[PDB]
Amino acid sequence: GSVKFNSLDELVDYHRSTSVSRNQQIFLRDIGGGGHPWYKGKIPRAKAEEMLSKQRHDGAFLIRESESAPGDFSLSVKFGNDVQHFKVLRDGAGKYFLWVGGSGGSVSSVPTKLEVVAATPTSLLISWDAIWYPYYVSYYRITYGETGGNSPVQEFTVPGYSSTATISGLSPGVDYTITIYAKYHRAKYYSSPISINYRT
């Protein structure tokens, strides 16, 4: 998933009017004679940033053959400050696209449900819903400790392909604050948190 194109021409045409960025409004725009508007064949990545350094306008772009992944294509794009490189994904039938999945109809990277599925007096099974590009989370950090004072909160990470976790070795009768941080690939920062309370 989700939107897929039968060819490079068709991918290019779609991303003239739909952003290539999940957060910003960045549309593909031709480099400023009689040659192909945007394909540059087997040309290197340093070179692609040479052809795009001289563009002031957002969305300047070419598509080159990929260096690190022969037979694949790369899409190079100017984003105000920097030159960004996209990998052109192919699916099972060899359709082309840029992003697996989609937002949730959501505008934030914070997990949206966080719930206790089942519980004993010394353990928790919890679940959550990441709807914003779940395929792009590298891992979740789960923290838990007594609500209020005092000691170190306990932490562990579960892989991004996971939607549930198990918390163990808890004291009966204690109120816990349970929190989850999403770490997208590759955001600089964890996403901001979502937490829950539960008393064993």
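Residues carry their position along the shown sequence, with the first being 1.
The entry models residue 32 and residue 33 with a gap of 1 to 3 deposited residues left without coordinates. When the C-alpha B-factors of 69-77 and 85-93 are averaged, 69-77 comes out higher. In this entry, the higher average B-factor at the C-alpha atoms falls on 150-158, of the pair 150-158 and 135-143. In this PDB entry, residue 165 carries a Cα temperature factor that places it within the lowest third of its chain's modelled residues. For residue 2, the recorded CA temperature factor ranks within the highest third of the chain's modelled residues.
Among the modelled residues of its chain, residue 118 has a C-alpha B-factor that falls in the lowest third according to the deposited record. The PDB entry assigns residue 180 a C-alpha temperature factor belonging to the lowest third of its chain's modelled residues.
In the PDB entry, a CA B factor belonging to the middle third of its chain's modelled residues is recorded for residue 100.
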